[PDB]
Amino acid sequence: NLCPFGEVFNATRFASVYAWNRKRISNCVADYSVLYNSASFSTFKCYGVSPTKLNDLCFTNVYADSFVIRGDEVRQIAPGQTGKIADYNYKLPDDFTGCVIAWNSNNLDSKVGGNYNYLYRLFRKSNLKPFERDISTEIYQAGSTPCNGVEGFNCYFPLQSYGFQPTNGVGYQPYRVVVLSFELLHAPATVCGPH
Amino acid sequence: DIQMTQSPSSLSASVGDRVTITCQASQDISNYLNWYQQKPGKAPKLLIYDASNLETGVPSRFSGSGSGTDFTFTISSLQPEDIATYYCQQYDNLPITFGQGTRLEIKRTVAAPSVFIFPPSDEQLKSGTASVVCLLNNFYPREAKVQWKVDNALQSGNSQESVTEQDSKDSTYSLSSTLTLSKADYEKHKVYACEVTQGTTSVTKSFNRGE
Amino acid sequence: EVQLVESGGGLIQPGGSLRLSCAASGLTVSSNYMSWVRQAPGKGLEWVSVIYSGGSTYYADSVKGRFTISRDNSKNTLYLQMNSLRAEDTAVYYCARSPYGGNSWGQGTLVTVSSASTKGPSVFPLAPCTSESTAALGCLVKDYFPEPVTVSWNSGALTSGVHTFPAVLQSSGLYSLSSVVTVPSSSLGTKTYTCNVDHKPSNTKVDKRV
Ligand SMILES: *[C@@H]1O[C@H](CO)[C@@H](O)[C@H](O)[C@H]1NC(C)=O
Ligand code: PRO
């Protein structure tokens, strides 16, 4: 059984970053060469492992987290980074073991007239913990007066749309991101490289 | 960094004129651009947010347009109270960056200054310095010659001038000139005169130190 | 509804430290994106620093490693700690809600970085030597440092006809400005006139009848 990376990387649709998707990868042979050897990926950054050595290693499980952000935010998907995405949407731990893979998805995720279906969280009182997800849509209280669920002055809907049009600057173009995290618990190693 | 190039640096226009300022971003900023009005000695006030949206309370003569790199700000019919410096700002990318500003000046009809002259106070003379002040009140244009005369002798490089911000009701300027002398020199002379030249007319206000 | 009031401005020696305060009402500082922006005399606007609600902080390259942004929740106050100050840091410093949320700015506070000493102003009457139907009275604000001073008349009750001039840097290194008011000559013996002068950098207020 080959690991279902096809379903991860070649999926028709991707998650918004605030509602980022996680897929557990288990009980399979993981050929990482189809990935690291590819010209398809403009980010391929590995932490606590060497990408060239991936086909040699076994892990308890692999998790594939996936979502869309804009080009200029891809740098935030790395350990020790801060910003609206890292702080309020998707957070890697300082001691991350895994790989960050990204590619430009302008051709799929932009639309003439703008694609507004991808959202991120703009307002949040505190930073996310690593691998935390917040899909809440409570009106954000920016003053001393309670909002009572009503959008207005000092009372902000917490989510904002990206506006992806194909002729956007690359900083404003959509990028698909896949985060592979590797766990090596005191348990059987179910995900092994072919070699 | 994203650079914001603003045009023009300064413009001069009449009341009622349509005024157009451009801003160009060095890379895509979507519609995340703000326009501010700054009147001297005050904070910038937001006029237009997200390229085209009128801030609540702002007159409808103000408008903006654009998306991407090219932006315009328009005053449909310039009012006297629109004398200010105008700034564009891109806010969605760090570092946040502003245009260099457009200083907006008003053209109007010529106006003759009301001229006043003030002798040094007794209080100040005790200190051992004499300041003589000449005031040019509510005039246009900006440019006027102010000359100091002490017993009909033309002073040079011992006075300083400052001009007020262009008035927001009547579009006139005002100028104060201060002549600075030692106490010894002030008592050496009798007649102190400030000469104001606009065009081919000169107006001189004076006082006699004795009287 | 929102009020942002900056304070802490004044003269500080090169290499000195200064902490600015921004007291907020009508928003919660710790719940918002809050920025400092500065404006050097007669120059443009320069963004300095931001703090996010979650606590992330960012700095303009020009202030990197010297300035720290912070807040106190209980006082509902934003701070800017300025260390290792240089002449180029001379500016009006503004606090603002920026870059997201309702657009609000404070009135600003002027910071002067100079090797000189603080000097309070001398206030002298500017008075004419039957008068013309329009008479002028004034106040000369001599030999002060640093900027700025503010002038009002009769505790701000008189505003019509007032021209408070910009200051000039005299060759001695001290500032001087004038404030004049034109009034009807018939009131010169009935009404009373006083210039109210404030030099906050020296903590001095001068009220002088003319
Ligand atoms: C996705 O599909 C392409 C074309 O069929 C294939 O070359 C590629 O390796 C697939 N990606 C993965 C991760 O299996
Ligand atoms: O897996 C791959 O090779 C393709 C390349 C872009 C989308 N995923």
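Residues numbered from 1 in each chain as written, not as in the entry; some residues may be left out. Chains lettered and ligands numbered in written order. Heavy atoms only, no water. Residues with missing side-chain atoms left out of burial classes, pairs and counts.

1. Regarding the overall build of chain A
The cut-off we apply is this: Secondary structure counts use DSSP, requiring at least four H or I residues in a row for a helix and at least two E residues in a row for a strand, with both numbered from the N terminus. It is over C-alpha atoms that the radius of gyration is taken, and the globule rule equals 2.2 Å times the number of residues to the power 0.38. Contacts were defined at the residue level, with two residues in contact if any of their heavy atoms lie within 4.5 Å.
If you tally the helices and strands in chain A, you get 4 helices and 12 strands. In summary, chain A has a C-alpha radius of gyration of 18 Å against a globular reference of 16 Å for 195 residues, a match within 12%. Its C-alpha atoms give chain A principal-axis dimensions of about 60 × 40 × 25 Å. For chain A, contacts bridging at least 24 residues in sequence account for 79% of all contacts bridging at least 6.

2. Re the sheet that holds strand β16 (residues 173–182) of chain B
Residues and elements named next belong to chain B. As a reminder of what qualifies: Note: two strands are recorded as paired if DSSP finds a minimum of 2 bridges between them. Only the stretch in contact is used when a helix axis is fitted, and all axes are lines through C-alpha atoms; the angle between N-to-C directions ranges over 0 to 180 degrees.
If you trace the 4 strands from one edge of the open sheet to the other, you get β12-β13-β16-β15, paired in antiparallel fashion. Edge positions in the sheet fall to β12 (114–118) and β15 (159–163), since each has one partner strand and no second. The average angle at which neighbouring strand axes cross in this sheet is 15 degrees, direction not considered. Relative to β16, strand β13 (residues 129–139) runs antiparallel, the two being bridged by 9 bridges. Bridging from a neighbouring strand, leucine 135 pairs with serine 176 of β16.

3. Thoughts on the domain arrangement of chain B
It is common to give the size of an interface as the accessible area that goes away when the parts come together. All names here are of chain B. This is how the line gets drawn: Where each domain begins and ends is defined by an automated method or by a domain database. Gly counts as polar in this scheme, as do all residues outside two lists: the nonpolar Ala, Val, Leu, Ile, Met, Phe, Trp, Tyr, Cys and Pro, and the charged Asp, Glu, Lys and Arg.
Here the domain parsing of chain B yields domain 1 (4–107) and domain 2 (114–208). Between the C-alpha centres of domain 1 and domain 2 the distance comes to 38 Å. At the junction of the two partners, domain 1 supplies 8 residues and domain 2 supplies 8 residues. Residues of the side of domain 1 that touches domain 2, tallied by class, amount to 4 nonpolar, no polar and 4 charged.

4. Observations concerning the state of the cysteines
Stated precisely, the cut-off is as follows: Throughout, a disulfide means two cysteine sulfur atoms within 2.5 Å of one another. Buried residues are those whose accessible area, probed at 1.4 Å on protein chains only, stays under 20% of the maximum for their type, while exposed residues exceed 50% and partly exposed ones sit between those limits.
This structure, assessed with the given rule, holds 8 disulfides over all chains. Across the disulfide from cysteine 46 of chain A sits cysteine 99 of chain A; the S-S distance is 2.1 Å. Where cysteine 46 of chain A bonds to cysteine 99 of chain A through sulfur, the torsion about that S-S bond is close to 110 degrees, and the disulfide is right-handed. Pair noted here: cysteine 46 of chain A is in strand β3 (residues 43–47) and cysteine 99 of chain A is in strand β6 (residues 98–104), with a separation of 53 residues, a long-range link. When its relative accessible area of 0% is taken as the criterion, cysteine 99 of chain A is described as buried. Two residues, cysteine 22 of chain C and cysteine 95 of chain C, share a disulfide whose sulfurs are 2.0 Å apart.

5. Here we look at unusual backbone geometry
The omega torsion across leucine 94 of chain B and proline 95 of chain B is 0 degrees, close enough to zero to call that bond cis. Inspection of the secondary structure puts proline 95 of chain B in the loop between β9 (84–90) and β10 (97–98). With omega at 10 degrees, the peptide bond leading from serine 98 of chain C into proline 99 of chain C counts as cis. The topology assignment puts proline 99 of chain C in the loop between β9 (91–97) and β10 (104–105). In this model, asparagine 152 of chain B sits at a positive phi of 65 degrees, which is unusual for a non-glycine residue. Assignment of secondary structure puts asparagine 152 of chain B in the loop between β14 (145–150) and β15. With a phi angle near 70 degrees, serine 171 of chain B is a residue other than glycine that sits in the positive phi range.

6. Structural notes on the sheet that holds strand β1 (residues 21–25) of chain A
All names here are of chain A. The strand order across the open sheet formed by 5 strands is β1-β5-β11-β6-β3, and the pairing between neighbours is antiparallel. Strands at the two margins of the open sheet, each flanked by one partner only, are β1 and β3. This sheet shows a mean twist of 15 degrees between the axes of neighbouring strands, independent of strand direction. Where β6 meets strand β11 (residues 174–183), 7 bridges bridge the pair, whose relative direction is antiparallel. Bridge pairing in β11 links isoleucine 101 to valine 178.

7. So, the packing of aromatic side chains
Put simply, the test is: Pairing of aromatic rings covers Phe, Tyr and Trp, the last counted by its six-membered ring, and requires centre-to-centre distances within 6.5 Å; plane angles under 30 degrees mean stacked, over 60 mean edge-to-face, and any other angle means tilted.
Tallied over the entire structure, the rule returns 40 aromatic pairs over all chains. Measuring from centroid to centroid gives 5.8 Å for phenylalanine 14 of chain A and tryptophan 103 of chain A, while their planes differ by 85 degrees, and the two rings are edge-to-face. Pair noted here: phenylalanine 14 of chain A is in the loop between α1 (5–9) and β1 and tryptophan 103 of chain A is in strand β6, with a separation of 89 residues, a long-range link. Residue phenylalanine 14 of chain A shares its accessibility class with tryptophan 103 of chain A, and that shared class is buried. The interplanar angle of 45 degrees and the centroid separation of 4.9 Å between the aromatic rings of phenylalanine 67 of chain A and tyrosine 90 of chain A together place this pair among those described as tilted. In this pair, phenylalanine 67 of chain A sits in strand β5 (residues 61–70) while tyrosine 90 of chain A sits in the loop between α3 (84–88) and β6, placing the two residues 23 residues apart along the sequence. Each of the two residues, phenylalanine 67 of chain A as well as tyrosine 90 of chain A, counts as buried. An aromatic cluster is defined as three or more aromatic residues linked by ring pairs; in this entry it consists of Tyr88, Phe123, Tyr140, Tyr156 and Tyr172 of chain A, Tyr32 and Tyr91 of chain B together with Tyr33, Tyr52, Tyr58 and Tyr100 of chain C.

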